[PDB]
Structures are given as C-alpha cells and as structure tokens.
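> experimental structure and sequence below, a few questions after.
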Amino acid sequence: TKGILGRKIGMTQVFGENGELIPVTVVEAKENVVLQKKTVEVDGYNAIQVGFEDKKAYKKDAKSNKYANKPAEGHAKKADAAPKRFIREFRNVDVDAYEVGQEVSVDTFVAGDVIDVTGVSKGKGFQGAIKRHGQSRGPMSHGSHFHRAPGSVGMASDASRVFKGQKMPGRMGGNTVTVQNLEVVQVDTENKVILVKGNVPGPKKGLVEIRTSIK
Amino acid sequence: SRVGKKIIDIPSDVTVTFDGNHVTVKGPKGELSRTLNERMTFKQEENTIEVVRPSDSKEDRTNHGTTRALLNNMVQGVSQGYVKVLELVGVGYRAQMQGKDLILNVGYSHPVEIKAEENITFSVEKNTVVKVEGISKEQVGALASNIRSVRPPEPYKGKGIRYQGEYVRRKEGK
Amino acid sequence: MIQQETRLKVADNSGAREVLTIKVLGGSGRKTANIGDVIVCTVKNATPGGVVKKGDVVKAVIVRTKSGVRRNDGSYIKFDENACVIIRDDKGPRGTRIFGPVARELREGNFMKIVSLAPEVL
Amino acid sequence: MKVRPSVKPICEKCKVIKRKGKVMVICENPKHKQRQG
RNA sequence: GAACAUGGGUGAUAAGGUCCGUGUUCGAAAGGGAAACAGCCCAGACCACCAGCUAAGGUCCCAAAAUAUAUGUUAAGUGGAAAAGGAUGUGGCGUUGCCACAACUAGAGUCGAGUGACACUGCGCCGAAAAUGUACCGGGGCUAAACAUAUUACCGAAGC
RNA sequence: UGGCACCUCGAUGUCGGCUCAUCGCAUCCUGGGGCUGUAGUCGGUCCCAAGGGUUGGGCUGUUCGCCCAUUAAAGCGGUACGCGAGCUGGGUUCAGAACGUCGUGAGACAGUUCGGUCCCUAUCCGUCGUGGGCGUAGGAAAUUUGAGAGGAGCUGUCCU
RNA sequence: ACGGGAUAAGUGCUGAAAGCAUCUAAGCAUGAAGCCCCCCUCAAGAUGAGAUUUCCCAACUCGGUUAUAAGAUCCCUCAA
C-alpha cells in the first residue's frame, strides 16, 4: 500500500489554500528497485525487499563501504540490478504484484494521501537529568547547594534497593521514531522528490522510509 | 419430589427420536430443532418422552423440573408456537419492519437501529406497539426483551414501550 | 503573554486607568494568555467619576499586547503597549467609548459589539 | 435494594429463596427488599 | 532468670505485662517431628561398621514408606485463619396431620402424593477491607492426595 | 492520646518546606448502575469500579487552620509520622542578653523576645548508560519471525 | 477520543430444589476509564542460541602442526 524509501534533504515552505503558509520537508527518492520477495510457503510471511542508492563494483582492493563485497554483489545479481546501499522490508504492502527485478516509482502517492514517516533521531550524547527528562532545578539563591541534579532515588527501610527505571542521567542518542497522520502537499516526477507537510526525525542527508496511514 | 410422575402427552405435528443425549422435533408445526435435552436415561416408547431418571439426589429434583422441561419447552414451542403481545404507552412510536430489522422511536435525536436473527419470526402488527411470534420462547424471549428495554418507560408519566400488561411504579414529584 | 500580577492600561471610559490581573480563567493549569482572552483583575487606579471604583473585582478581555500574534497567512502584528477592555459578564463593554486600535481576533471570539466602536481594526 | 446482614422475609408480602451467596427476597414492593452484606 | 500447663492477686476474665505457688524443659542438651523456630511433642551422644527392631510423626511428586481395605460425612477447594446474629442449608435424632400441600382465596368445590413450626444435634453458608509481589496447604497439585471412625502392613532417632 | 520496657547508649544522629517518587481503597473528578421524599437540569444514600488525573496566591515557623480567585475535581492514607553519605535551617534544641511570675540566694519555669560553624575522594549489592571475551556441529555478510519486557491511557467548550 | 475477545455489580430468557414463581442446579444473550487484543520502541545469552538469500572450500596426514580463502582489523583523512 504505497511503500518507498527516501532521504531527508532539508526544509522550506509553500503557499496553497487562498493565502495559507505550510512548512514542508524536501525528501529525495531516486532509483528504487524491488529485490527478492518472501512467501508464506518458503519464508513464512508476506513481505518484499527494496534497495535505495547504488554503489560501485566489488571483489577488488577496496577497504571502504563505497564498494560492495562478493556476498552483496552475488545477491544483487539475482535481481539483475546493481548493488544497493540501504535495504528494508515492507510486510504491509501486497506481494501479489511488484514483479521481482522491476523498479518502484515516485508518483505512486497522490497529493492529499496520509502517510507515516520512520527514522532514527539526531543524537546529543551523555545528557543530564533536567535535560534528558522534564525534571525541574532547585533554588539558585537563599544559600542553596542543590541545582541541576536529581533528588531522592527510593524510600528508607521500606526497600533496600532502587526500582527498575528510575530516570537517571544517561545518553540521549538517537532511537528509531515514527510520526503518524502526515499529508503530502506536492509530488515532483522531474527531480523525483516528495513534499511532506511537517517535520521528520533524523539529521540532514539521512535515511527515511515512508508508508501509508494504517489508522 | 417436585413434579415426579407428571407424564404428559406428546400429541404433535411431529415426532421424537432419541440417540445422543437429546431430542429433535421434526414436524410441519416446527421443522427440526433441538438442543441436548438431558444426559438422563431418556426413553420415548410410542409417542412421548417422560423418562423416570432422577430420585434421591437433591440435585435430582431440580434436574427433573429442568430437563423434562428442556425436552418439554423444546418439543412444545417447536410444536405449539406461542408469543403474546407488547404495549404502546405514549405518543409517537414509529413501528415498522425491514425484513429482520424493525424500527421504533423513543425521543432520541437519532433513532438508533436494532437488528435481529432468524428462527424467531419477525412479526409486526405494530404501528406504535409490538406483538411478535416465532417458535422457541428461548429464542423469541431474549429478543422480546431487548425490545422491552429501549427507553425504560417513564416510571412517572407514561411514555415507553413494554409488555402485555402489569402495573408500573408510578411516581410523583415537584 | 499576560500572566499573574501584571499591570495593564484599560482603554475604556468606564472610570478605570490601570488594573492588575489576579487569575487567567480558561482551565486548570493555564498560565499566560494572548489577544482574545478573558482575565479577572482589580482596579488599582481610577478617576473621579464613572461606575467602576478602586478596589473592585471585575472581568475584562485583553486587547492589543506587546507580544505578536501569528495569523494563518504567515503575517504578525505587535503593538507598543498592553491594553484591555472591561466586560459585563455578557460579552459586552461596560463603557461606550474605546481609545487606540484593536486586533481582528475579537471577531472570532464573538465580540462584534467591541469591534464596532474601535476606531481602527488591524 | 438494601444491604444489611439481617435479611429476612420483611413484610407480610416478601418471601425468601437462596441464591448463589445471597439469601435475598422477592416480592411486590421496592420498599422491602434486601441482599446480604 | 525465661517460656509452656495449671492454681490466684494486680490491670480493662488488655499485653511476648507484673508479682507469689506446684510441676517439666532451656539455662548447662546434641539427635527425630512442628516448612525455617533456646522454653512445645518423642527421646538423654564412651568409640568403629555400606547390620536389625521401634517412638512422636507419617506413606501421589519434591522426599524414606498404601494412588491399601471396609464404612459413613462433606460440594465449599470447606479442608488451608475471628463473633453477636441471619436464613425455604442439612445427614442424623423426636414430633405433629391433613389421605389438604404445591396453581383455591376471606384482609367457597376440586385434583393426585408428601408437608411443616418445635427440640437436641453433626458438618457447611453469609456476616469477613490495606498498603514492594501470587502470599499462611511449605511448592506443583488434589473431589479424595479432605474429615470421622475400625483393623491392619511398611517407613522412621546418636533410643534398644 | 496512652499502657509494657523485648533490639540499639565502644551514637539507629534532627519537625516542617524543596526535589523526585511508589503502593492502597474506606471514591474528590470521570464511568456503569438498582433506589429516592428521582418528572427534567439538579441532588441525597447505597452497590460495582483503582486506569489516569487531582490549581495559583494572602496570613503565624506551623504537620493545623481560616480567607481570595479559579477548576471536570481541588479525596483519605500507608510507606524509619517515605526521602539530610540529595538541599535548606525558619521551628526546636549550646555558651550572650531583656521582661513576667517563683526562690533568702546560686537559680528554676519554657511563659515570651533579639543573636548564634550542618564533616566524608563510593570497595560490595541496587539502578541508569556503554564496550571486550566465548558460546550456538563448517566460516562470513546483510535482511528478518516474535516466547517474552517496557510505554501509552486525562478532559473541556462551541456550530448543530 | 477508536475496533474486537472475555468478564464484575445489575437485567431479563431457558428453568428448578420445595409441582405455582429466582439470573443457578445445568445453559443463555446482554453487559463498565478495569483485564487480554490492536498502536509504538527494545527483543534467539528465547544455552529452547530460530528462519531466508548470497559468498568461501588443504597440503600434511588426518598427533593435526604448517597454512592460506570469503571476511575482519592495526594505521591514516574525517563528522549525520
């Protein structure tokens, strides 16, 4: 049900209804090819594999991730295509169609269709307790020695240990988050880009998979 | 102990045949229904099933009055077929039918719909009222009762739809 | 952004000159309020003559604040002071005159009687 | 209904039968009616 | 000096309270049973053994020995935690009496088969609300692997 | 509020408030009801229901308590009267003073009032993050099934 | 803020102890912000170590020592 993979480019704004201002996120979805599919007889569930950007050659003197390896190259030769960089699975779409080896599209979604965006977060690293969580700080005057720090972490003799999940200082980092109820304002087929009304998680030039509002 | 030798007839448009733990009433009156009547020692000799199973167990005297009546209500309501009337207390019930989906109204901004099942006939001589039929009171009954209790009739001032006739607790205030 | 303990300049002819908001009615937890909101305040400075006296608890709708008010077209509008009009608990002004301009957000707040005396309506 | 431990057949119209845990009473008037508490 | 069982005072026929009297155990006592538990039940270790018989308590699995036999009682998981009361609960003990009592009705006539107060009971039922987590059968689990009797068999200590 | 004196005097070191919680039901709000001396809105007593909510100020140090203005509501409790090797030091509660009653006097009463040093580099368990080693009957790379575990859950007004 | 599967106080139906009558002795449809499912994140150290596609393959002699192959790193220029 309209499954594709894109890459966050930046952000901007456009005008639509009479004179309303709507901020959008420029997503760039280029060459998208479908790989091997999974059936309920062999695998055990219905799902289709899809690649993204292509790489160079393989089996040479490369040491970076720019070139592919025998394993990947060999698995990409079965679909009669080039080695991809990003690979994901869509078990929410139909497996009856999407002939293996054939590419996807970019005009599959029509302006006004509800979609769901998914991706990793930015990342801040080791954070505090009033930053990672919504905790408040203590007084800064009246001879106080308690500022940006956590308070009590348990009772007294009731329990001689700390309960699991006490919201202690840690590393925020970036976990995979999904945003629902997202609409498509426009869809360009010349530059193969999609305009989503709102903001998606992740930094610049980052992976971002789109789907269809399951509701 | 309660009702021991109350061996009554089975003069039917039907017959009874016993193999399992039950009966089955095939008759032009009502064609081929039954549940499992009784895991008691059930006989049916020349016309009827009045089988002297239970005695000397406290459970047995309610088992008698229950399972002679599982057989009894089944065979009769599937032979006889008897649902009585319901009431029309007020102004402005919109009584009708749409197959197996009737209609009324109570004074809701939105008449909410109710639909029923078959094997309990949807019988409508009803213009602001209810009066239905079917075969087995076990299956016309709970529906003769979902229809009882739509807007529980004004226990002060008259409006509602209800059963064949009683008194309601009629209350007064300022 | 009009929170608790804030002095505003009433732009009416009732008899008040300055009031101090006591509570921003609107819900449990409400802190601030923008143009098109009702707040409960008290007269801190009045004038010899009128119906409202000093030390009276009355209601009023804040109109034209220092903070901006974003629209739907992407345009903003901010004044150089924070004013307000005293109501009569019926979406109606206690006075009959209004000084200074007003915003066009009172029309959506069912205040057609307050946007019929204001000289300008930006 | 009412709820007190001392249920009985209350007036000269209410009479009792055992239910699951309640030995409550059935009759013609909702001013004499009780279930064990 | 302490608890347990009895006989009293004092306090509130309150306290793991406090003071006397008569016993036993701990103190100064290991071993077996009470899930773990100085004071409760059985019993007093001189040393060796890959011998045998018993005590309290026990015999479906954890975990040694009956998924033993005969008879009743119990439908709550009662067993496996409280009381005044309450009642168409009941297996046993005595009544009382219509040959009607379930659909009769005064606020009168039938048909077909059990009705009840009262009295002593035995086992149940409701009365029954607490703070980290099932949460007193020790756990899995049991309609007998529960209770009241009888007779047996066998297991069981550093006792003989 | 008390009674008893069983653990701690080679130290179990502090009442409110701040910060952050978690559990209960004897239910403040929301919900599902029979019943009202419930027509309707409303509201009174009872039954079931513990998921999530449960406001900012003025006044003495107040755990209390009255008042102002709101809110769907501003419930009652347990957790060393939760939490000082997380904070404050106002209240108690040390050496200086003043008044009042009492004492021959040194003083006492806590009756009031003003001023008065809050120490510690985290070994073990616990909790919040993040790596190294080996295991899975050949070795390696990439995409995955989900037995389990956590998070979420509230509510108002207008057009009709 | 939705949609299911059960249920608790109530509500009637089948139908009784004790012949008439109770929602219980067997069954029954209803039935709540509660409980399972559905939404989102982590999940085979789930030693019960799962599954799918692709890549790699030996001389000694099988004391296994020597070894290479797919791949992985050390080292260097860097930041989503």
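Arrived safely. Residues are numbered from 1 along each chain as shown, chains lettered A, B, ... in the order given.
> start and end of stretch C:108-122, how far apart?
14 Å (C-alpha to C-alpha, to the nearest Å).
> residues contacting that stretch, please?
Stretch C:108-122 has contacts (C-beta atoms under 8 Å, 6 or more residues apart in numbering or on different chains) with C:36, C:61, C:63, C:77, C:85, C:91-93, C:96-98, C:100-104, C:106-107. Quick note: C-beta positions are derived from backbone N, CA and C, even for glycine.
> ok, and for the strand ranked longest in chain C, which residues are buried?
Longest strand in chain C, counting residues (DSSP state E): strand C:37-46. Within strand C:37-46, the residues that qualify as buried are C:37, C:38, C:39, C:41, C:43, C:46, counting by 16 or more other C-beta atoms under 10 Å in any protein chain shown.
> re the thing from before, now restrict the contacts of stretch C:108-122 to buried residues only.
For the contacts of stretch C:108-122, a neighbour count by 16+ other C-beta under 10 Å gives the buried set as C:36, C:61, C:63, C:85, C:93, C:98, C:101, C:102, C:103, C:106.
> residue of chain B closest to chain C, please.
residue B:109 (25.0 Å; C-beta to the nearest C-beta).
> that residue: which element?
Assigned by DSSP states H and E, residue B:109 belongs to no helix or strand.
> any part of stretch C:15-32 near chain A?
No - Stretch C:15-32 is not in contact with chain A by C-beta under 8 Å from any C-beta of the partner chain; minimum separation 14.4 Å.
> burial count for residue D:35?
15 (other C-beta atoms under 10 Å in any protein chain shown).
> now do residue A:22
So residue A:22, with other C-beta under 10 Å, has 15 neighbours.
> get me the contact residues on chain A for chain C.
A:13, A:19, A:20, A:21.
> in the chain, mark out all the strands, start to finish.
As the question left the chain open, I've gone with chain A. Taking DSSP E, the strands of chain A run over residues A:4-8, A:12-15, A:21-28, A:34-38, A:47-50, A:88-90, A:114-119, A:177-188, A:193-197, A:206-210.
> to clarify, I was referring to chain D.
Going by DSSP E, chain D shows strands at D:15-16, D:25-26.
> how about the first one, does it reach RNA strand E?
Yes - counting by C-beta under 7 Å from any atom of the strand, contacts between strand D:15-16 and RNA strand E involve D:15, D:16.
> contact partners of that strand?
So strand D:15-16 is contacted by D:7, D:8, D:9, D:23, D:24, D:25, D:26, D:27 (C-beta under 8 Å, 6+ apart).
> can you pull the phi/psi pair for the residue nearest the centre of chain B?
Most central in chain B under C-alpha atoms, centre = their mean is residue B:137, positioned 1.7 Å from the mean C-alpha point. With angles defined as degrees, to the nearest 10, residue B:137 shows backbone torsions of phi -60, psi -20.
> I figured it hits residue B:73, correct?
Yes - the pair residue B:137 and residue B:73 passes the contact test of C-beta atoms under 8 Å, sitting 6.7 Å apart.
> got a list of what the closest residue to residue B:77 other than its chain neighbours touches?
Nearest residue to residue B:77 in three dimensions, chain neighbours excluded: residue B:136, at 4.5 Å (C-beta to C-beta, 6 or more residues apart in numbering or on different chains). Taking C-beta under 8 Å, 6+ apart, we find residue B:136 in contact with B:30, B:33, B:73, B:74, B:77, B:78, B:119, B:120.
> list the buried ones in stretch C:57-64?
C:58, C:60, C:61, C:62, C:63, C:64.
> now swap in stretch B:148-162 and tell me
For stretch B:148-162, the neighbour count (16+ other C-beta under 10 Å) marks B:148, B:150, B:153, B:160, B:161, B:162 as buried.
> and for the residue lying closest to residue C:97 once chain neighbours are set aside, the neighbour number?
The shortest distance from residue C:97 to any residue other than its chain neighbours is 4.1 Å, reached at residue C:13 (C-beta to C-beta, 6+ apart). Using other C-beta under 10 Å, residue C:13 has 16 other residues around it.
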